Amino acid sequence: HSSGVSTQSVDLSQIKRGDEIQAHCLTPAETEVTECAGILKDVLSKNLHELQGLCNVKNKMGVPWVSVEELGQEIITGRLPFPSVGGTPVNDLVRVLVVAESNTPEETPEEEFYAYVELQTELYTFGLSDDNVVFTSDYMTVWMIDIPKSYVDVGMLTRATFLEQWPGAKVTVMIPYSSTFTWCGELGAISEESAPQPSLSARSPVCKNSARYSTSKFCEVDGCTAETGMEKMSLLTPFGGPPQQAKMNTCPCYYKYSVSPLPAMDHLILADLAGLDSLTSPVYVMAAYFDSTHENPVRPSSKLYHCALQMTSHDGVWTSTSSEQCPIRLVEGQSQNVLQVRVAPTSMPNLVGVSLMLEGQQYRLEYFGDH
């Protein structure tokens, strides 16, 4: 309804000029709205909802209208459950596409569809203005902007200002984390008398107190020994949550921190998903990691990478996309009903986190921080 998590396969072959949209509208290329605005003018004049096909994952919340009668404003604000850490504070940008739309009122309104969207971070507020517009129609406005990746993360508020509580109003922030993966955070306006309807999305700091894992000193008690197979799983899925159950493994925290020698293994299970037999849309798993390959020790590069693997159900059998740079693998567990996230113990030191995205649920596992 007015909240949830949905997934889908994205084939730019079908999407009209999809390759171009992804390259000039969802990638920091031309610093002018011109190129992208050209591609959308043509494409969106044919299919107004074309962009939705570029969202591998859609995560939405129902947010109540907030009437600021004093200023005649109707506002919808919400903190998106960003799926993975944005990135290190380096000079690397993400091109975000913002879309504001609504249904066309039965009775022709007096007010024009004016909308202003802003993304604020403690230190700076990024405003989507006319100079950011790349497409505009009666009830849909699309803005484009480049923001340092580190800012697109928990801590960024999205505020949409309108002059009317337009029916079916929604604001979507299209966030590409990779060349082949775009995550769409959506704020769906709901009655101002309703309570917020957040999606089932969670953020879990797996290695809380990254000092306890500094040594093999506690392995035994935390159940992280060659005997336990280094598997101390805990349930992610809440109680009244969908049937599919996800679980995270704490032991990988040792292979990332532990200075003391540790048991060697072919692979580690970062997390697993059960219920694959009932899913109908692809499952997405995205990692955030640093690239081992050392470079200039004097001027170290600290760019955070993101790669998203996609497990799909073809004719009933679940198959995953594979990558060489991507430190994680998606393989089924004992049966088909179970999916596992794997990684070579040798990658943990450089792994920042993995995020699980599937119908009705999103889990952001972090192997850093203490909260």
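Counting begins at 1, following the sequence as shown.
**Student:** Taking only the CA atoms, which stretch has the higher mean B-factor in the record, 87 to 95 or 121 to 129?
**Tutor:** Stretch with the greater average CA B-factor: 121 to 129.
**Student:** On average, are the C-alpha B-factors higher in 189 to 197 or in 244 to 252?
**Tutor:** Averaged over C-alpha atoms, the B-factors run higher in 244 to 252.
**Student:** Tell me, please, which of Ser301, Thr108, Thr172, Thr161 has the highest C-alpha B factor according to the deposited entry?
**Tutor:** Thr108 has the highest C-alpha B-factor of those listed.
**Student:** Going by the entry, which of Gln325, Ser67, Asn47, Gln52 has the most elevated CA B factor?
**Tutor:** That would be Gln325, according to the entry.
**Student:** Ranking the modelled residues of this chain by C-alpha B-factor as given in the entry, is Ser335 in the lowest, middle or highest third?
**Tutor:** Top third by C-alpha B-factor.
**Student:** Among the modelled residues of this chain, does the Cα B factor of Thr31 put it in the lowest, middle or highest third?
**Tutor:** It falls in the middle third of the chain.
**Student:** By its CA B factor, does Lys208 count among the lowest, middle or highest third of the modelled residues in the chain?
**Tutor:** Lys208: CA B-factor falls in the highest third of its chain.
**Student:** Within this chain, which third does the Cα B-factor at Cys307 fall in: lowest, middle or highest?
**Tutor:** Its C-alpha B-factor belongs to the middle third of this chain's values.
**Student:** What third of the chain does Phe239 rank in for C-alpha temperature factor, lowest, middle or highest?
**Tutor:** Highest third.
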